[PDB]
file input_13.cif (mmCIF, C-alpha atoms and all ligand atoms)
data_run
#
loop_
_atom_site.label_atom_id
_atom_site.label_comp_id
_atom_site.auth_asym_id
_atom_site.auth_seq_id
_atom_site.Cartn_x
_atom_site.Cartn_y
_atom_site.Cartn_z
CA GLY A 1 36.36 101.10 -117.02
CA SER A 2 34.89 98.61 -119.57
CA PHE A 3 36.97 95.80 -121.16
CA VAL A 4 34.31 93.96 -123.21
CA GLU A 5 36.94 91.99 -125.16
CA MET A 6 38.16 90.30 -121.90
CA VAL A 7 34.86 89.95 -120.03
CA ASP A 8 33.74 86.25 -119.86
CA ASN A 9 37.12 84.91 -121.12
CA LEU A 10 37.46 82.23 -118.37
CA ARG A 11 35.98 78.72 -118.08
CA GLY A 12 36.24 76.04 -115.38
CA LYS A 13 35.29 75.65 -111.73
CA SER A 14 36.83 75.86 -108.26
CA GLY A 15 37.66 72.12 -107.97
CA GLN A 16 39.45 71.83 -111.39
CA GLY A 17 40.65 75.43 -111.81
CA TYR A 18 39.75 78.36 -114.08
CA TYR A 19 41.51 78.68 -117.41
CA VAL A 20 41.97 81.21 -120.25
CA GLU A 21 42.69 80.53 -123.92
CA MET A 22 46.25 81.40 -125.02
CA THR A 23 48.31 80.88 -128.17
CA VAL A 24 51.99 79.97 -128.33
CA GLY A 25 54.35 79.93 -131.31
CA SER A 26 54.27 80.72 -135.04
CA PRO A 27 51.82 79.74 -136.51
CA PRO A 28 49.83 80.09 -133.23
CA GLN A 29 49.10 76.91 -131.26
CA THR A 30 45.95 77.28 -129.17
CA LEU A 31 46.07 75.94 -125.56
CA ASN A 32 43.81 76.32 -122.49
CA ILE A 33 45.82 77.64 -119.57
CA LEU A 34 45.02 77.59 -115.83
CA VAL A 35 45.12 81.05 -114.21
CA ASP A 36 47.34 80.67 -111.12
CA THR A 37 48.12 83.55 -108.76
CA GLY A 38 49.97 80.99 -106.52
CA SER A 39 52.97 80.35 -108.85
CA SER A 40 55.16 82.36 -111.23
CA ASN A 41 56.06 80.09 -114.18
CA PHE A 42 54.30 79.71 -117.54
CA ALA A 43 54.45 75.94 -118.04
CA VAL A 44 52.68 73.96 -120.75
CA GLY A 45 52.34 70.29 -121.73
CA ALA A 46 54.87 69.74 -124.53
CA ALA A 47 54.72 65.92 -124.94
CA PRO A 48 51.90 63.31 -125.15
CA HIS A 49 50.05 62.61 -121.88
CA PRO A 50 46.89 60.44 -121.39
CA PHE A 51 44.98 63.50 -120.00
CA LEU A 52 46.02 65.94 -122.78
CA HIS A 53 44.20 66.15 -126.15
CA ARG A 54 46.77 68.76 -127.35
CA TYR A 55 50.20 70.08 -126.39
CA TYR A 56 52.87 72.59 -127.39
CA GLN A 57 54.86 71.32 -130.39
CA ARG A 58 58.14 73.31 -130.33
CA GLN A 59 59.33 71.75 -133.65
CA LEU A 60 56.29 73.36 -135.39
CA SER A 61 57.03 76.89 -134.15
CA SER A 62 59.38 79.04 -136.27
CA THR A 63 59.76 81.50 -133.31
CA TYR A 64 60.71 78.85 -130.72
CA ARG A 65 64.02 79.60 -128.96
CA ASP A 66 65.71 76.85 -126.90
CA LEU A 67 67.23 78.11 -123.60
CA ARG A 68 69.16 74.71 -123.23
CA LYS A 69 68.16 74.46 -119.56
CA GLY A 70 65.97 72.03 -117.64
CA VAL A 71 63.53 72.84 -114.83
CA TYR A 72 62.43 70.34 -112.13
CA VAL A 73 59.45 71.27 -109.97
CA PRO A 74 58.49 68.93 -107.07
CA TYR A 75 55.51 70.46 -105.14
CA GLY A 76 52.47 66.65 -107.50
CA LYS A 77 55.51 67.25 -109.78
CA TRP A 78 56.64 68.19 -113.28
CA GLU A 79 59.87 68.41 -115.28
CA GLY A 80 60.51 70.45 -118.38
CA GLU A 81 62.75 72.28 -120.80
CA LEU A 82 63.03 76.07 -120.83
CA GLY A 83 62.63 78.16 -123.95
CA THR A 84 60.96 81.32 -125.23
CA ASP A 85 58.28 81.93 -127.88
CA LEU A 86 55.67 84.44 -129.00
CA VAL A 87 52.55 84.27 -126.79
CA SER A 88 49.11 85.92 -127.14
CA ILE A 89 45.78 85.89 -125.25
CA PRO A 90 43.00 85.90 -127.97
CA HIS A 91 40.39 87.30 -125.53
CA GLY A 92 42.93 89.63 -123.98
CA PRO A 93 45.00 92.71 -124.79
CA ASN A 94 45.70 92.91 -128.51
CA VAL A 95 49.46 92.32 -128.13
CA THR A 96 51.96 89.47 -128.71
CA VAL A 97 54.93 89.11 -126.39
CA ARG A 98 58.12 87.10 -126.27
CA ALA A 99 57.83 85.03 -123.04
CA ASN A 100 59.55 82.24 -121.17
CA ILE A 101 57.85 78.85 -121.52
CA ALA A 102 58.62 75.68 -119.55
CA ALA A 103 57.86 72.84 -121.96
CA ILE A 104 56.61 70.02 -119.70
CA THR A 105 58.11 66.69 -120.84
CA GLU A 106 57.45 64.53 -117.69
CA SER A 107 54.88 64.92 -114.89
CA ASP A 108 53.21 63.04 -112.01
CA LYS A 109 49.71 63.93 -110.69
CA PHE A 110 49.91 67.42 -112.37
CA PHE A 111 47.43 67.28 -115.31
CA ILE A 112 43.79 66.61 -114.24
CA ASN A 113 41.63 64.22 -116.34
CA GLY A 114 38.75 66.31 -117.83
CA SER A 115 39.98 69.76 -116.62
CA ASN A 116 40.25 70.97 -120.27
CA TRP A 117 43.57 72.85 -119.54
CA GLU A 118 47.04 71.97 -120.89
CA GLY A 119 49.27 74.37 -118.96
CA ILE A 120 49.47 76.90 -116.13
CA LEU A 121 49.99 80.65 -116.18
CA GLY A 122 51.80 81.61 -112.96
CA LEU A 123 50.87 85.22 -112.24
CA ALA A 124 52.84 85.82 -109.03
CA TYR A 125 56.34 87.45 -108.71
CA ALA A 126 59.83 86.41 -109.89
CA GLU A 127 61.02 85.56 -106.35
CA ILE A 128 59.17 82.19 -106.52
CA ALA A 129 59.88 81.48 -110.25
CA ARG A 130 61.69 78.19 -111.03
CA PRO A 131 64.58 77.35 -111.31
CA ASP A 132 65.23 80.86 -109.84
CA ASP A 133 64.18 84.54 -109.94
CA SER A 134 66.15 85.26 -113.15
CA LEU A 135 63.39 83.45 -115.19
CA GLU A 136 61.14 86.40 -115.96
CA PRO A 137 57.38 85.56 -115.30
CA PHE A 138 54.86 86.11 -118.14
CA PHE A 139 53.17 89.18 -116.66
CA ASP A 140 56.56 90.93 -116.10
CA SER A 141 57.37 90.25 -119.84
CA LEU A 142 53.93 91.52 -120.89
CA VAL A 143 54.35 94.82 -118.96
CA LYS A 144 58.00 95.33 -120.07
CA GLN A 145 57.26 94.74 -123.78
CA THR A 146 53.91 96.59 -124.19
CA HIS A 147 51.97 99.58 -122.78
CA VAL A 148 49.67 97.20 -120.80
CA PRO A 149 49.22 98.70 -117.26
CA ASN A 150 50.85 96.67 -114.42
CA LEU A 151 47.54 95.33 -113.04
CA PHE A 152 45.11 92.49 -113.64
CA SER A 153 41.80 91.56 -112.07
CA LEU A 154 39.93 88.26 -111.64
CA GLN A 155 36.21 87.48 -111.36
CA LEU A 156 35.92 83.70 -110.79
CA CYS A 157 32.32 82.60 -111.15
CA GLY A 158 31.07 79.62 -109.16
CA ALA A 159 27.86 78.24 -110.75
CA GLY A 160 26.31 77.32 -107.36
CA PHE A 161 25.48 73.82 -108.68
CA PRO A 162 27.42 71.01 -110.42
CA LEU A 163 28.20 71.42 -114.12
CA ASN A 164 28.50 68.20 -116.17
CA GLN A 165 31.25 67.60 -118.82
CA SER A 166 29.29 69.41 -121.58
CA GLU A 167 27.92 72.31 -119.44
CA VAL A 168 31.36 73.21 -118.00
CA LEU A 169 32.71 73.51 -121.62
CA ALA A 170 29.73 75.69 -122.67
CA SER A 171 29.54 77.83 -119.49
CA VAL A 172 31.23 81.16 -118.73
CA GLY A 173 33.49 80.68 -115.69
CA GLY A 174 34.47 84.32 -115.18
CA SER A 175 36.85 87.04 -116.37
CA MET A 176 40.49 87.90 -116.32
CA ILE A 177 40.91 91.61 -117.13
CA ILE A 178 44.48 92.22 -118.16
CA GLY A 179 45.59 95.81 -117.57
CA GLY A 180 42.48 97.12 -115.92
CA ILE A 181 39.33 96.99 -113.80
CA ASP A 182 35.93 96.35 -115.39
CA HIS A 183 33.24 98.09 -113.33
CA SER A 184 30.45 95.73 -114.60
CA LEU A 185 32.03 92.79 -112.64
CA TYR A 186 31.35 94.11 -109.14
CA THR A 187 28.86 96.02 -106.97
CA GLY A 188 29.60 98.54 -104.25
CA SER A 189 33.09 99.79 -103.46
CA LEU A 190 36.55 98.33 -103.98
CA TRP A 191 38.58 98.11 -100.74
CA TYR A 192 42.35 97.62 -100.88
CA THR A 193 44.78 95.70 -98.69
CA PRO A 194 48.59 96.17 -99.10
CA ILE A 195 50.65 93.42 -100.76
CA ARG A 196 52.97 92.71 -97.76
CA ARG A 197 55.82 91.42 -99.93
CA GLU A 198 56.13 90.66 -103.66
CA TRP A 199 56.62 86.87 -103.94
CA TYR A 200 53.22 85.25 -103.52
CA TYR A 201 50.36 87.78 -103.35
CA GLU A 202 50.88 88.02 -99.57
CA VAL A 203 48.33 89.85 -97.37
CA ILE A 204 47.67 90.39 -93.65
CA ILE A 205 44.46 89.15 -91.91
CA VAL A 206 43.80 91.12 -88.68
CA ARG A 207 40.54 89.57 -87.33
CA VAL A 208 38.30 86.59 -88.11
CA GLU A 209 34.57 86.29 -87.27
CA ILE A 210 32.08 83.41 -87.62
CA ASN A 211 28.54 84.92 -87.71
CA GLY A 212 29.96 88.10 -86.11
CA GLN A 213 31.57 86.11 -83.26
CA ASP A 214 35.28 86.93 -82.93
CA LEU A 215 37.50 83.83 -83.24
CA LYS A 216 39.60 85.81 -80.65
CA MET A 217 43.02 84.32 -81.57
CA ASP A 218 46.31 86.31 -81.51
CA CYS A 219 46.18 87.76 -85.11
CA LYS A 220 49.70 86.40 -85.80
CA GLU A 221 48.07 82.91 -85.84
CA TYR A 222 45.93 83.92 -88.87
CA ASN A 223 49.09 84.70 -90.90
CA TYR A 224 51.32 81.86 -89.70
CA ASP A 225 53.55 81.51 -91.72
CA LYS A 226 51.90 83.69 -94.40
CA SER A 227 48.50 84.53 -95.89
CA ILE A 228 48.18 84.54 -99.70
CA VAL A 229 45.52 84.98 -102.43
CA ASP A 230 45.73 81.88 -104.70
CA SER A 231 43.40 81.20 -107.68
CA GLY A 232 45.24 77.84 -108.14
CA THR A 233 43.96 76.47 -104.77
CA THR A 234 40.34 75.30 -104.49
CA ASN A 235 39.70 75.77 -100.75
CA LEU A 236 39.95 78.43 -98.11
CA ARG A 237 42.95 76.85 -96.26
CA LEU A 238 43.72 77.90 -92.69
CA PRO A 239 46.69 77.27 -90.38
CA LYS A 240 46.14 74.15 -88.19
CA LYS A 241 45.27 76.05 -84.97
CA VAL A 242 42.99 78.53 -86.82
CA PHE A 243 41.30 75.66 -88.71
CA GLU A 244 40.60 73.83 -85.39
CA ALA A 245 39.07 76.99 -83.79
CA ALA A 246 37.09 77.91 -86.97
CA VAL A 247 35.63 74.39 -87.46
CA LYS A 248 34.58 74.28 -83.78
CA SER A 249 32.77 77.65 -84.25
CA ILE A 250 31.19 76.61 -87.64
CA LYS A 251 30.00 73.30 -86.05
CA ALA A 252 28.51 75.23 -83.07
CA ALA A 253 26.68 77.72 -85.35
CA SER A 254 25.27 74.86 -87.56
CA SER A 255 24.59 72.53 -84.55
CA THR A 256 20.87 72.06 -85.40
CA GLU A 257 22.17 69.46 -87.95
CA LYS A 258 24.94 66.92 -87.19
CA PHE A 259 27.46 66.21 -90.00
CA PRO A 260 29.92 63.28 -90.08
CA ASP A 261 33.64 63.71 -89.30
CA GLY A 262 34.43 63.01 -92.99
CA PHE A 263 32.38 66.09 -94.06
CA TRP A 264 34.37 68.45 -91.78
CA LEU A 265 37.62 66.92 -93.11
CA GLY A 266 36.58 67.97 -96.65
CA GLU A 267 36.54 64.30 -97.82
CA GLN A 268 32.84 63.34 -97.75
CA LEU A 269 29.91 64.98 -99.47
CA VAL A 270 26.66 65.98 -97.67
CA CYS A 271 23.36 65.81 -99.61
CA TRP A 272 19.91 67.38 -99.22
CA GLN A 273 16.64 66.86 -101.14
CA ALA A 274 16.57 69.12 -104.25
CA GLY A 275 16.29 72.79 -103.29
CA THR A 276 16.30 72.18 -99.50
CA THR A 277 19.97 73.03 -98.69
CA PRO A 278 19.67 74.71 -95.24
CA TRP A 279 21.94 77.66 -96.06
CA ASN A 280 20.53 79.64 -93.08
CA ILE A 281 21.93 77.18 -90.48
CA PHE A 282 25.52 77.75 -91.71
CA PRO A 283 27.33 80.91 -90.60
CA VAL A 284 28.85 83.71 -92.65
CA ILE A 285 32.67 84.05 -92.32
CA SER A 286 34.36 87.47 -92.18
CA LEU A 287 38.06 88.01 -92.74
CA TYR A 288 39.32 91.50 -91.77
CA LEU A 289 42.26 92.70 -93.86
CA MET A 290 44.80 95.48 -93.20
CA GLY A 291 43.69 98.72 -94.90
CA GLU A 292 45.77 101.23 -96.85
CA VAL A 293 45.27 103.94 -94.16
CA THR A 294 47.12 103.71 -90.81
CA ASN A 295 45.03 101.94 -88.12
CA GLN A 296 42.25 101.08 -90.57
CA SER A 297 40.97 97.66 -91.73
CA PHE A 298 38.02 96.42 -93.80
CA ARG A 299 36.22 93.07 -93.92
CA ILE A 300 35.20 90.61 -96.63
CA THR A 301 32.26 88.33 -95.75
CA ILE A 302 31.51 85.03 -97.41
CA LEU A 303 28.47 82.81 -97.28
CA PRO A 304 28.14 79.02 -97.06
CA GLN A 305 27.26 79.32 -100.83
CA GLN A 306 31.00 80.07 -101.22
CA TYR A 307 32.54 77.61 -98.70
CA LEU A 308 30.20 74.65 -99.52
CA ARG A 309 31.45 73.42 -102.93
CA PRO A 310 28.73 71.85 -105.18
CA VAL A 311 29.53 68.28 -106.27
CA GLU A 312 27.50 65.61 -108.10
CA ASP A 313 26.22 62.71 -105.91
CA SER A 314 20.29 61.49 -107.94
CA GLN A 315 18.30 64.76 -107.84
CA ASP A 316 19.80 65.74 -104.47
CA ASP A 317 21.86 68.95 -104.01
CA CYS A 318 25.30 67.81 -102.72
CA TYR A 319 28.36 69.66 -101.40
CA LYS A 320 31.83 69.23 -99.94
CA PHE A 321 33.15 71.45 -97.11
CA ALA A 322 35.74 73.68 -98.89
CA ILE A 323 37.65 74.88 -95.79
CA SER A 324 40.69 72.79 -94.91
CA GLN A 325 43.85 72.75 -92.78
CA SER A 326 47.22 74.10 -93.95
CA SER A 327 50.81 73.79 -92.55
CA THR A 328 51.96 76.60 -94.98
CA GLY A 329 49.71 79.49 -93.87
CA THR A 330 46.31 80.83 -94.93
CA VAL A 331 45.37 80.33 -98.59
CA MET A 332 42.46 82.40 -99.92
CA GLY A 333 41.58 79.97 -102.73
CA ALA A 334 38.98 79.89 -105.47
CA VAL A 335 36.00 79.25 -103.18
CA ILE A 336 36.77 82.65 -101.41
CA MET A 337 37.66 84.40 -104.69
CA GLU A 338 34.27 83.31 -106.09
CA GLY A 339 32.59 85.78 -103.72
CA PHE A 340 34.61 88.74 -104.98
CA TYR A 341 36.05 90.69 -107.83
CA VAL A 342 39.78 90.69 -106.96
CA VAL A 343 42.14 93.40 -108.27
CA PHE A 344 45.86 92.49 -108.34
CA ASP A 345 47.19 96.07 -108.45
CA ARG A 346 50.91 95.32 -108.85
CA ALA A 347 51.66 98.96 -109.81
CA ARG A 348 50.39 100.19 -106.40
CA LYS A 349 51.43 97.03 -104.40
CA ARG A 350 47.85 96.35 -103.25
CA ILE A 351 44.97 93.90 -103.72
CA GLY A 352 41.40 95.14 -104.11
CA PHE A 353 38.20 93.31 -103.15
CA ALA A 354 34.63 94.10 -104.11
CA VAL A 355 31.43 92.03 -104.00
CA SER A 356 31.28 89.99 -107.23
CA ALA A 357 28.37 90.62 -109.63
CA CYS A 358 28.42 86.77 -110.13
CA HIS A 359 28.58 85.52 -106.48
CA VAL A 360 26.07 82.83 -105.40
CA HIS A 361 23.69 83.96 -102.63
CA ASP A 362 20.11 83.63 -101.39
CA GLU A 363 17.29 86.14 -100.79
CA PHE A 364 18.35 86.69 -97.16
CA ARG A 365 22.15 87.16 -97.20
CA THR A 366 24.80 88.39 -99.60
CA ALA A 367 28.62 88.44 -99.61
CA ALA A 368 30.01 91.82 -98.48
CA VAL A 369 33.06 94.09 -98.51
CA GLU A 370 32.72 96.73 -95.78
CA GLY A 371 34.74 99.31 -93.93
CA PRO A 372 36.47 101.10 -92.42
CA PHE A 373 37.15 99.67 -88.93
CA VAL A 374 39.65 101.08 -86.45
CA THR A 375 42.29 98.32 -85.88
CA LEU A 376 45.49 98.81 -83.88
CA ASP A 377 49.00 97.25 -84.17
CA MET A 378 48.20 95.54 -87.50
CA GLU A 379 51.93 95.10 -88.35
CA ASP A 380 52.09 92.73 -85.29
CA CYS A 381 49.69 90.41 -87.19
CA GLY A 382 52.40 89.70 -89.77
CA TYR A 383 54.62 86.67 -89.14
CA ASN A 384 58.47 86.81 -89.34
CA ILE A 385 61.03 83.88 -89.47
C1 LIG A 401 53.45 76.55 -113.22
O1 LIG A 401 54.68 76.39 -112.51
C2 LIG A 401 54.60 76.06 -111.21
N1 LIG A 401 53.45 75.66 -110.70
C3 LIG A 401 53.38 75.54 -109.36
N2 LIG A 401 52.21 75.06 -108.86
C4 LIG A 401 51.97 74.58 -107.50
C5 LIG A 401 50.58 73.93 -107.57
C6 LIG A 401 49.85 74.08 -106.25
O2 LIG A 401 49.99 73.25 -105.37
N3 LIG A 401 49.05 75.19 -106.09
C7 LIG A 401 48.28 75.30 -104.84
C8 LIG A 401 49.01 76.21 -107.03
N4 LIG A 401 48.48 77.33 -106.72
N5 LIG A 401 49.49 75.99 -108.27
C9 LIG A 401 49.90 74.67 -108.76
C10 LIG A 401 48.74 73.88 -109.38
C11 LIG A 401 47.47 74.43 -109.46
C12 LIG A 401 46.41 73.74 -110.02
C13 LIG A 401 46.65 72.48 -110.51
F1 LIG A 401 45.61 71.77 -111.02
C14 LIG A 401 47.88 71.89 -110.49
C15 LIG A 401 48.90 72.60 -109.92
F2 LIG A 401 50.12 72.04 -109.89
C16 LIG A 401 51.07 74.87 -109.75
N6 LIG A 401 54.39 75.76 -108.49
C17 LIG A 401 55.57 76.12 -109.02
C18 LIG A 401 56.71 76.34 -108.06
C19 LIG A 401 55.72 76.29 -110.42
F3 LIG A 401 56.88 76.65 -110.99
#
call {"tool": "encode", "arguments": {"input": "input_13.cif", "output": "structure tokens", "more": "lines below"}}
Ligand SMILES: COc1nc(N2C[C@H]3C(=O)N(C)C(=N)N[C@@]3(c3ccc(F)cc3F)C2)nc(C)c1F
result
Amino acid sequence: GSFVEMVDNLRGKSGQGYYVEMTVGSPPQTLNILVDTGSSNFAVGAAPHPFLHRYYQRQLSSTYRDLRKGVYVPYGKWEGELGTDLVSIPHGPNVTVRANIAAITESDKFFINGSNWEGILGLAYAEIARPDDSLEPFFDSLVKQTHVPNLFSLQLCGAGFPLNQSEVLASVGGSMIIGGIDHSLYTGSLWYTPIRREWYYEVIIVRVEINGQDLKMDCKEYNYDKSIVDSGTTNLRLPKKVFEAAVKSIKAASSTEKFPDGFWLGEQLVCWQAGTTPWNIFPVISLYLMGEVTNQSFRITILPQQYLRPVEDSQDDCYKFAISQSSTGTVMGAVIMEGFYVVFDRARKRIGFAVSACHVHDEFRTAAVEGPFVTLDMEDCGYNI
């Protein structure tokens, strides 16, 4: 329904991540925590680091419990010490839970200078928790210990322009609704895709279009080796072969302007005179997802206002191409999530999408969530082995 206490509780941006305020320990220690649907550990800075202005001080918490076990995570990388403590979300459900916490003591290229977050809240399933699936993730603890419904929803709000150091701290970056769906955060209908398996938030893509033109690849290629929804990734990441076909089609649709190789590789910015970004030359991208009804799919459509990420250069409007290659499957990252209100319905093993009330668009085109479409043999789109 309406969850006013949680609306507008996020800050950040697609390139540095979106974070929520949390408290750990007794008395409570306030920390900003990155919302990550791509991992399943709650891990916080617990020792001085040049990029941290605060960290979890276990010796100052009367409710700290030492699990006497280390955790080593090479992905960047971080190392820590496992323990439990009382955790709350001030702009969240009015509950306090006893949760696992990985106290980060050593790290390399993990913390981002100026991101304003000091830890990560892994919201995915126990299967991918470190060191193993016996370390209960935060959300599992929250549901087990309280009457909070087994569901959360995310509205990540891209500003559509660069935010400087002060503006990003003062700006609302979106909402994380814990235990519900807030109807003010979306327009139109919510469409649901099944969660294929509970590890990452794995989904099945059944068709891809660029300006309505079918990419026409065997649908197994779109999900090779998996397709996931990940708020902790900036870009829309596509499998190598899919990325090559998609970039060729996006280049062909936008061919009235020639961009350098570095732009298409997501490395180099492109700039236009203030207000003149030629949105209309870039195509919309539609991803069709498996529906909840047999032989039915629906589509989510994004604009270049989602896949062109605003960056500072001057008075020019500058962007980086936020679609990149992957060797680990499709990743529907923040730049795709910015177009939609996304419902992680764990209780019903499904993910919902609706057009976000905060998506960036122009007067001629909008993001969309539409259906149904008749789609056959959708289970064949899923990859095995
Ligand atoms: C919290 O614990 C664990 N965390 C991770 N992560 C893997 C990282 C990554 O590559 N992506 C795409 C991701 N989505 N998240 C991460 C992440 C996100 C934003 C960021 F600025 C830094 C990050 F490191 C964090 N992986 C395991 C197994 C963890 F146990």
call {"tool": "closest_residue", "arguments": {"input": "input_13.cif", "among": "A:84, A:14, A:233, A:150", "to": "residue 345 of chain A", "atoms": "all atoms listed in the file"}}
result
A:150
call {"tool": "residues_around", "arguments": {"input": "input_13.cif", "residues": "residue 370 of chain A", "least_positions_apart": "4", "cutoff": "10 Å", "atoms": "only C-alpha atoms", "output": "PyMOL selection string"}}
result
chain A and resi 188-191+288+297-301+353-355
call {"tool": "residues_near_ligand", "arguments": {"input": "input_13.cif", "ligand": "ligand LIG 401 (chain A)", "cutoff": "7 Å", "atoms": "all atoms listed in the file", "output": "number ranges by chain"}}
result
A: 16-17, 36-43, 73, 75-76, 110-112, 120-122, 128-130, 230-233
call {"tool": "closest_residue", "arguments": {"input": "input_13.cif", "among": "A:159, A:123, A:287, A:195", "to": "residue 207 of chain A", "atoms": "all atoms listed in the file"}}
result
A:287
call {"tool": "closest_residue", "arguments": {"input": "input_13.cif", "among": "A:333, A:149, A:74, A:119", "to": "residue 180 of chain A", "atoms": "only C-alpha atoms"}}
result
A:149
call {"tool": "closest_residue", "arguments": {"input": "input_13.cif", "among": "A:12, A:174, A:83, A:371", "to": "residue 339 of chain A", "atoms": "all atoms listed in the file"}}
result
A:174
call {"tool": "atom_distance", "arguments": {"input": "input_13.cif", "atom1": "atom CA of residue 60 of chain A", "atom2": "atom CA of residue 46 of chain A"}}
result
11.5 Å
call {"tool": "atom_distance", "arguments": {"input": "input_13.cif", "atom1": "atom CA of residue 310 of chain A", "atom2": "atom CA of residue 263 of chain A"}}
result
13.0 Å
call {"tool": "closest_residue", "arguments": {"input": "input_13.cif", "among": "A:155, A:100, A:256, A:276", "to": "residue 334 of chain A", "atoms": "all atoms listed in the file"}}
result
A:155
call {"tool": "atom_distance", "arguments": {"input": "input_13.cif", "atom1": "atom CA of residue 275 of chain A", "atom2": "atom CA of residue 306 of chain A"}}
result
16.5 Å
call {"tool": "residues_near_point", "arguments": {"input": "input_13.cif", "point": "(25.0, 64.8, -103.6)", "cutoff": "12 Å", "atoms": "all atoms listed in the file", "output": "tab-separated table (two decimals) with C-alpha atoms, in the coordinates of the input"}}
result
chain	number	residue	atom	x	y	z
A	161	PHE	CA	25.48	73.82	-108.68
A	162	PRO	CA	27.42	71.01	-110.42
A	268	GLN	CA	32.84	63.34	-97.75
A	269	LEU	CA	29.91	64.98	-99.47
A	270	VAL	CA	26.66	65.98	-97.67
A	271	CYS	CA	23.36	65.81	-99.61
A	272	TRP	CA	19.91	67.38	-99.22
A	273	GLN	CA	16.64	66.86	-101.14
A	274	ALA	CA	16.57	69.12	-104.25
A	275	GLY	CA	16.29	72.79	-103.29
A	277	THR	CA	19.97	73.03	-98.69
A	308	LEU	CA	30.20	74.65	-99.52
A	309	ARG	CA	31.45	73.42	-102.93
A	310	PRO	CA	28.73	71.85	-105.18
A	311	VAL	CA	29.53	68.28	-106.27
A	312	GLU	CA	27.50	65.61	-108.10
A	313	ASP	CA	26.22	62.71	-105.91
A	314	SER	CA	20.29	61.49	-107.94
A	315	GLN	CA	18.30	64.76	-107.84
A	316	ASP	CA	19.80	65.74	-104.47
A	317	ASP	CA	21.86	68.95	-104.01
A	318	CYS	CA	25.30	67.81	-102.72
A	319	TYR	CA	28.36	69.66	-101.40
A	320	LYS	CA	31.83	69.23	-99.94
call {"tool": "residues_around", "arguments": {"input": "input_13.cif", "residues": "segment 97-99 of chain A", "least_positions_apart": "3", "cutoff": "9 Å", "atoms": "only C-alpha atoms", "output": "list in words"}}
result
residues 42, 83, 84, 85, 86, 87, 88, 136, 137, 138, 139, 141, 142, 145 and 146 of chain A
call {"tool": "closest_residue", "arguments": {"input": "input_13.cif", "among": "A:56, A:125, A:192, A:117", "to": "residue 342 of chain A", "atoms": "all atoms listed in the file"}}
result
A:192
call {"tool": "decode", "arguments": {"input": "input_13.cif", "residues": "segment 81-94 of chain A", "atoms": "N, CA and C atoms", "output": "compact mmCIF listing (two decimals), in the first residue's frame"}}
result
# COMPACT_ATOMS: atom_id res chain seq x y z
N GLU A 81 36.09 -10.62 9.97
CA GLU A 81 35.86 -11.47 11.12
C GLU A 81 34.36 -11.53 11.34
N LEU A 82 33.83 -12.74 11.48
CA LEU A 82 32.39 -12.93 11.66
C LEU A 82 31.95 -12.76 13.10
N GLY A 83 30.77 -12.20 13.25
CA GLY A 83 30.15 -11.98 14.55
C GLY A 83 28.69 -11.68 14.35
N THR A 84 27.97 -11.45 15.45
CA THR A 84 26.57 -11.05 15.36
C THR A 84 26.36 -9.80 16.23
N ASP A 85 25.30 -9.05 15.96
CA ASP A 85 24.97 -7.86 16.75
C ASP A 85 23.55 -7.46 16.43
N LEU A 86 23.02 -6.52 17.20
CA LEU A 86 21.68 -6.00 16.97
C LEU A 86 21.77 -4.95 15.87
N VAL A 87 20.90 -5.07 14.86
CA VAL A 87 20.87 -4.22 13.68
C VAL A 87 19.46 -3.65 13.46
N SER A 88 19.40 -2.37 13.08
CA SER A 88 18.14 -1.68 12.78
C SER A 88 18.31 -0.86 11.51
N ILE A 89 17.18 -0.51 10.88
CA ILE A 89 17.13 0.37 9.71
C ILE A 89 16.25 1.57 10.16
N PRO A 90 16.86 2.71 10.54
CA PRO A 90 16.06 3.86 11.05
C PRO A 90 14.87 4.27 10.18
N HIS A 91 15.06 4.27 8.85
CA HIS A 91 13.97 4.60 7.93
C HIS A 91 13.52 3.29 7.31
N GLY A 92 13.05 2.41 8.18
CA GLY A 92 12.71 1.04 7.79
C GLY A 92 11.60 0.50 8.64
N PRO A 93 11.50 -0.83 8.79
CA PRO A 93 10.48 -1.38 9.69
C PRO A 93 10.93 -1.06 11.13
N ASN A 94 10.01 -0.87 12.01
CA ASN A 94 10.36 -0.49 13.37
C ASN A 94 10.66 -1.73 14.20
